[PDB]
């Protein structure tokens, strides 16, 4: 009965994936009332249809929050709480986190900034492989920025876009997908699994980042070269970060979730496990409200991916392996 990663065993044993409780086994009020309101406002504006179908829940929650928001006082607002059985049938929901990174970069080669990011060259047909581009097969008229981190560029390839901060006065610079090199991609995840460097079930882009951070530049290039594919980008006008449902996401007030289990717009009450600067469960939870507003290729079942927000602090809070909390889905009577 492991406890290492946020697991708890105070709510008995579950038979069905959701079960009505009289009160969430959670003491206090959610700590993010403001953010939730802000998130709701974004649903209201960016997704009128979605908002119209869930507003009954959103209003109840709002009304309850304004009256003091304590978990003991939910029934008087017609709010039901369905606790989620989670990964083990002890209520312990699988939580990973994700976040918009900001790539530190500079316009000329200097200091730690020695890792180019390219725009699309007018086609030849055959563009060079990743390894060839690293060696400098490509000209320098095609560089957009030199960045701080080779692994961060890779993560930008998989995302297909990224935010770059040149460290002067100016606004964040967004770059979107422009094209590829024509060499077929191979999955850097699989490689790290087929070497035992990372376990199959803790694999995620985040885990590839941590693996990066903990290895040498040589070890990283070696690994990255295993994938001969390469992305190119172009400058794009900046846009607030939206999830699959086209609603601007609010840090720690939104999750990505499996549509067939937690339909977009579902309201969630979560005890979310806090992390060490190590990325280790630190013994503390945080009771927050969140709405399901995004999706992910490996975000299935009762697994949630919390949107931590933008930047490195959000980055830290996201972690790089599974942790566990408790969730109650909130529905109107």
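Residue numbers count along the first chain shown, from 1.
Visitor: Determine, for stretches 29 to 37 and 275 to 283, which one has the higher mean CA B-factor as deposited.
Guide: The stretch with the larger mean CA B-factor is 275 to 283.
Visitor: May I ask you to compare 193 to 201 and 139 to 147 by their mean CA B factor in the entry and name the higher one?
Guide: The entry gives the higher C-alpha B-factor average to 193 to 201.
Visitor: By the entry's C-alpha temperature factors, tell me which of 173, 100, 216, 257 sits highest.
Guide: Of the candidates given, the C-alpha B-factor peaks at 216.
Visitor: Taking the values straight from the PDB record, which of 250, 164, 247, 220 has the highest C-alpha temperature factor?
Guide: Comparing C-alpha B-factors across 250, 164, 247, 220, the top value belongs to 220.
Visitor: By the recorded C-alpha temperature factor, relative to the other modelled residues in its chain, which third is residue 309 in?
Guide: For residue 309, the deposited C-alpha B-factor lands in the lowest third.
Visitor: Against its chain's modelled residues, does residue 127's Cα B factor rank lowest, middle or highest third?
Guide: Ranked within chain, residue 127 CA B lands in the highest tercile.
Visitor: Hey, what third does residue 262 fall into on Cα B-factor, ranked over its chain?
Guide: Bottom third by C-alpha B-factor.
Visitor: Hey, what third does residue 95 fall into on Cα B-factor, ranked over its chain?
Guide: Its C-alpha B-factor, which the entry lists for residue 95, ranks in the lowest third among residues of this chain.
Visitor: Looking at the entry's B-factor column for C-alpha atoms only, identify whether residue 235 ranks in the lowest, middle or highest third of its chain.
Guide: It falls in the middle third of the chain.
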